[PDB]
Amino acid sequence: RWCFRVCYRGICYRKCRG
């Protein structure tokens, strides 16, 4: 359910764990 945006070196992507 927890969706978080990980940004690294300018690249942001959202991951969802449940």
# chains A, B, ... in the order shown; residues from 1 in each chain; ligands from 1
>>> select_by_dssp(residues="chain A", states="strand (DSSP E)", output="list in words")
residues 2, 3, 4, 5, 6, 7, 8, 11, 12, 13, 14, 15, 16 and 17 of chain A
>>> residues_around(residues="residue 17 (chain A)", least_positions_apart="5", cutoff="9 Å", atoms="only C-alpha atoms", output="JSON list (two decimals) with C-alpha atoms, in the first residue's frame")
[["chain", "number", "residue", "atom", "x", "y", "z"],
["A", 1, "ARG", "CA", 0.00, 0.00, 0.00],
["A", 2, "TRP", "CA", 2.92, 2.25, 0.86],
["A", 3, "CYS", "CA", 3.99, 4.01, -2.28],
["A", 4, "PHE", "CA", 7.10, 6.07, -2.11]]
>>> decode(residues="chain A", atoms="C-alpha atoms", output="compact mmCIF listing (two decimals), in the first residue's frame")
# COMPACT_ATOMS: atom_id res chain seq x y z
CA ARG A 1 0.00 0.00 0.00
CA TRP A 2 2.92 2.25 0.86
CA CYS A 3 3.99 4.01 -2.28
CA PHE A 4 7.10 6.07 -2.11
CA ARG A 5 9.02 8.08 -4.63
CA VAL A 6 12.70 7.33 -4.79
CA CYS A 7 14.77 9.95 -6.48
CA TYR A 8 18.34 9.30 -7.42
CA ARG A 9 20.58 11.49 -9.60
CA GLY A 10 17.47 13.32 -10.78
CA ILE A 11 15.47 10.20 -11.58
CA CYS A 12 12.35 9.81 -9.54
CA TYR A 13 10.31 6.65 -9.58
CA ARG A 14 7.51 5.46 -7.36
CA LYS A 15 7.60 2.07 -5.71
CA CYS A 16 4.71 0.45 -3.92
CA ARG A 17 5.03 -2.11 -1.19
CA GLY A 18 1.55 -3.37 -0.58
